[PDB]
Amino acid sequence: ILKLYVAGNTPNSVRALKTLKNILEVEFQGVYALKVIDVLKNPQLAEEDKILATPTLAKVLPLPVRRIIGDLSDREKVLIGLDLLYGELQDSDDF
């Protein structure tokens, strides 16, 4: 699950995020999910959650996801950071 942390939502931002959702939906079944949270509505980080810098995890991501992320972080200037924990599977462990 790709966790995005954003500062507010704009039209272009929402469009690009729905596009990102669409891509993880088209070519990433059960291997990539998306959780976007707005820091303008939810600043309080809780428990295991954390925020890493964009160039930290972007370089290791798929390149269309890389171009979408790069867009969000450079053009729209709304993405503050991301996190990929991810504790991924279909059946809960900890979690």
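The first residue of the sequence shown is number 1, and the count goes up from there.
- Once the C-alpha B-factors are averaged per stretch, 66-74 and 35-43 rank with 35-43 first.
- Stretch comparison (84-92 versus 3-11) by mean CA B-factor in the PDB entry places 84-92 on top.
- Placement of the Cα temperature factor of residue 60 within the chain: lowest third of the modelled residues, per the deposited record.
- Ranked within its chain, residue 53 lands in the lowest third, by CA B factor from the PDB record.
- The entry lists a Cα temperature factor for residue 17 that places it in the lowest third of the chain's modelled residues.
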